[PDB]
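Enquirer: These protein sequence lines are chains A and A', in that order. A prime marks a further copy of an entry chain. Residue numbering for the first sequence follows the entry's author numbering, beginning at 3 and increasing consecutively. Residue numbering for the second sequence follows the entry's author numbering, beginning at 3 and increasing consecutively. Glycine residues also receive a C-beta, built at the ideal position from the N, C-alpha and C atoms.
2 protein chains.
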Amino acid sequence: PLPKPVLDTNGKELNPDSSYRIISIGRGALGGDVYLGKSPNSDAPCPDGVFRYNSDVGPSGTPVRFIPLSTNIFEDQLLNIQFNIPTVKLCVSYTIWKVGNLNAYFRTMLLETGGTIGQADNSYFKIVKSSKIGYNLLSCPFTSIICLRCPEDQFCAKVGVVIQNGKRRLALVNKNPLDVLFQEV
Amino acid sequence: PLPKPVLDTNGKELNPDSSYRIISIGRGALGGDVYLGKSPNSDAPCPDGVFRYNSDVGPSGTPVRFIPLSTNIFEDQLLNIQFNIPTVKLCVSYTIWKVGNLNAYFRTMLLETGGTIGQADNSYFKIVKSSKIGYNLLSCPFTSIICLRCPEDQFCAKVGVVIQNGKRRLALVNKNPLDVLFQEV
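1. Measure the Cβ-Cβ separation of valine 182 of chain A and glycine 117 of chain A and say whether it is below 8 Å.
2. Quick one: grab the DSSP three-state call for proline 153 of chain A'.
3. Using 8 Å for Cβ pairs, my map puts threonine 115 of chain A next to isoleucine 98 of chain A. What's the rounded Cβ distance?
4. List, in chain order, every chain A' residue whose beta-carbon is nearer than 9 Å to that of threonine 110 of chain A.
5. So with Cβ pairs under 8 Å, would you call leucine 150 of chain A' a contact of chain A?
6. Could you tell me the alpha carbon to alpha carbon distance between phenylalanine 53 of chain A' and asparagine 178 of chain A', rounded to whole angstroms?
7. I think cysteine 149 of chain A' touches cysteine 152 of chain A, with their Cβ atoms under 8 Å apart; what is that distance to the nearest whole Å?
8. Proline 153 of chain A' versus chain A: which residues are under 8 Å apart at the beta carbon?
9. Taking 8 Å as the threshold (C-beta atoms), are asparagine 86 of chain A' and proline 65 of chain A' in contact?
10. If you draw a straight line from the alpha carbon of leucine 140 of chain A' to that of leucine 174 of chain A', how long is it in whole angstroms?
11. Anything in chain A within Cβ reach of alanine 31 of chain A', meaning under 7 Å, just list it in chain order.
12. Below 8 Å, can you find three or more Cβ-Cβ pairs linking the region 45 to 60 of chain A to the region 17 to 35 of chain A?
13. List, in order along the chain, the chain A' residues whose C-beta lies closer than 7 Å to that of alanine 106 of chain A?
14. Name the DSSP bridge partner or partners of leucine 113 of chain A?
15. Please identify the residue among A:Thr145, A:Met111 and A:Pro47 whose C-alpha is closest to the C-alpha of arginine 171 of chain A.
16. May I have the straight-line CA-CA distance separating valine 130 of chain A' from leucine 4 of chain A', to the nearest angstrom?
17. Sort A':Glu186, A':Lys169, A':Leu180 and A':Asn176 by Cα distance to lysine 40 of chain A' and report the nearest one.
18. Do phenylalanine 184 of chain A and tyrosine 37 of chain A have their C-beta atoms within less than 8 Å of each other?
19. Between which residues of its own chain and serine 62 of chain A' is the CB-CB distance below 7 Å, once the five residues before and five after are set aside?
20. For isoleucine 165 of chain A and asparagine 105 of chain A, I'd like the C-alpha separation in whole angstroms.
21. Just checking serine 26 of chain A' against the ligand NAP - is the residue's beta carbon closer than 7 Å to any of the ligand's heavy atoms?
22. Quick check: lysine 160 of chain A and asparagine 138 of chain A, are their CB atoms within less than 8 Å of each other?
23. For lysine 40 of chain A', write down the residues that DSSP places opposite it in a beta bridge.
24. Check each residue of the region 165 to 179 of chain A': if its Cβ is closer than 7 Å to any Cβ of chain A, include it; give the result in chain order.
25. State the start and end residues of the unbroken beta strand (DSSP E) segment that holds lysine 128 of chain A'.
26. Taking a contact to mean a Cβ-Cβ separation below 8 Å, would you say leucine 81 of chain A touches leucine 71 of chain A in this structure?
27. Mark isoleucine 119 of chain A' as exposed unless 16 or more other C-beta atoms lie within 10 angstroms of its C-beta, in which case mark it buried.
28. Between the alpha carbons of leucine 9 of chain A and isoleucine 69 of chain A, how many angstroms are there, rounded?
29. How long is the line joining the alpha carbons of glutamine 156 of chain A' and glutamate 186 of chain A, rounded to whole angstroms?
30. For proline 88 of chain A' and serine 133 of chain A, what's the separation of their Cα atoms in angstroms?
31. Could you please give the first and the last residue of the uninterrupted beta strand (DSSP E) stretch that includes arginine 67 of chain A'?
32. Classify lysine 14 of chain A: buried if its beta carbon has 16 or more other beta carbons within 10 angstroms, exposed otherwise.
33. Taking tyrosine 96 of chain A' and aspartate 50 of chain A' to be in contact with their CB atoms under 8 Å, please state how far apart those CB atoms are, rounded to whole angstroms.
34. Bridge partners of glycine 51 of chain A, per DSSP?
35. Run through the DSSP bridge pairs and tell me what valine 163 of chain A' is partnered with.
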């Protein structure tokens with residue numbers, strides 16, 4: 003390869019200082035965009051959970067920006083994600099996407115906000131062409147730990163959805179990842 | 003291969019209901035056995051940290067047992083580890099080895115007790131021949147999550163040591179893993 007850029011919904015390359023909604027390929031009740039929601043069982047003072055609505059015949063997603071290593075947004079390269087919105091003074095920190103501690107009930111890690119930019123921690127994701135249609139999100143937590151004999155020595159897993167309190171919570175999964183697209187604003 | 007068994011310090015295969023000390027190949031202040039210590043900053047009611055002494059000219063390690071998938075203890079197969087000792091009624095749970103949440107200061111996960119047996123969670127380890135001399139411990143957390151294109155789809159990392167409050171705390175590392183041996187009791 004060369005590095006392959008990630009594309010808008012219209013075809014335009016992704017711009018580090020434009021904001022996009024993550025939208026789902028599914029049409030119907032089988033669809034709904036990514037948004038920032040309050041976690042049913044969080045003790046954070048801010049909304050800190052990454053969900054997606056139950057149907058696309060409702061609100062639009064919360065817009066996000068992407069922050070690559072540098073300098074453009076390519077497929078298959080570590081990058082931060084961050085909801086791009088106004089927030090109360092108390093919540094400015096709870097917008098940068100992050101993957102949380104192991105959750106025993108779901109047997110996986112959930113996506114939340116409260117991460118950090120440009121640090122080898124739990125805030126690094128990847129975009130990749132899906133297998134069905136479009137793109138998938140990947141989570142590469144623990145970049146700062148050698149994954150033995152793994153591609154580029156890194157742990158990576160597919161982003162998908164679990165049902166937490168009847169809402170759709172984004173989480174690391176094994177089957178059925180969330181196929182998505184990126185609609186500029 | 004066939005499956006290769008793990009050996010005692012005397013040569014005898016490892017027995018699921020015998021207990022061993024994890025001892026270090028280093029001689030001197032360069033040595034010290036694995037033990038169960040109180041974590042300087044834990045809010046657990048029980049000692050819950052996996053350390054190793056600063057010199058071998060001191061106390062002996064806390065003995066452990068091993069619990070394989072089944073039925074014997076081989077190299078390179080998921081297995082639980084558990085300090086095999088008497089405990090107050092309140093602490094019976096804080097003996098089974100486990101790897102903890104990401105620690106931001108050390109940029110890695112630390113070893114603690116409080117795990118569980120026979121469950122695809124944060125309590126699974128592997129034994130493997132080292133590269134220098136003897137054996138190493140491996141940590142395979144998140145067995146219940148597909149590691150993309152990884153050997154057997156699993157995240158694995160080398161067990162080693164960080165210095166937490168001047169004591170030696172076992173942790174996942176990248177270089178210099180802890181070379182160990184197993185001395186029956």
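Expert: On the basis of the coordinates in this document:
1. no
2. helix
3. 6 Å
4. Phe144, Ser146 and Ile147
5. So yes, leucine 150 of chain A' belongs to the interface.
6. 16 Å
7. Going by Cβ atoms, the distance from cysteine 149 of chain A' to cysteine 152 of chain A rounds to 6 Å, so yes, they are a contact pair.
8. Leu150, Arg151 and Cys152
9. yes
10. 8 Å
11. Simply none; closest approach about 27 Å.
12. Touching, per the Cβ criterion.
13. Going along chain A' in sequence order, the residues near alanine 106 of chain A (Cβ under 7 Å) are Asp123.
14. Beta-bridge pairing links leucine 113 of chain A to A:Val101.
15. A:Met111
16. 14 Å
17. Nearest in C-alpha terms to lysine 40 of chain A', of all of A':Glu186, A':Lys169, A':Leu180 and A':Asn176, is A':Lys169.
18. no
19. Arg23 and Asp35
20. 13 Å
21. Ligands in the displayed structure: none, and consequently the ligand NAP is not present.
22. yes
23. According to DSSP, which records beta bridges pairwise, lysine 40 of chain A' is partnered with nothing at all.
24. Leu174 and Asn176
25. It spans 127 to 131 - the beta strand (DSSP E) in which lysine 128 of chain A' sits, taken as one unbroken run.
26. yes
27. With fewer than 16 other Cβ atoms within 10 Å, it is exposed.
28. 15 Å
29. Distance between the alpha carbons of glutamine 156 of chain A' and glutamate 186 of chain A: 36 Å.
30. 53 Å
31. 66 to 70
32. exposed
33. Going by Cβ atoms, the distance from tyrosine 96 of chain A' to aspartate 50 of chain A' rounds to 5 Å, so yes, they are a contact pair.
34. A:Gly39 and A:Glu114
35. A':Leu172
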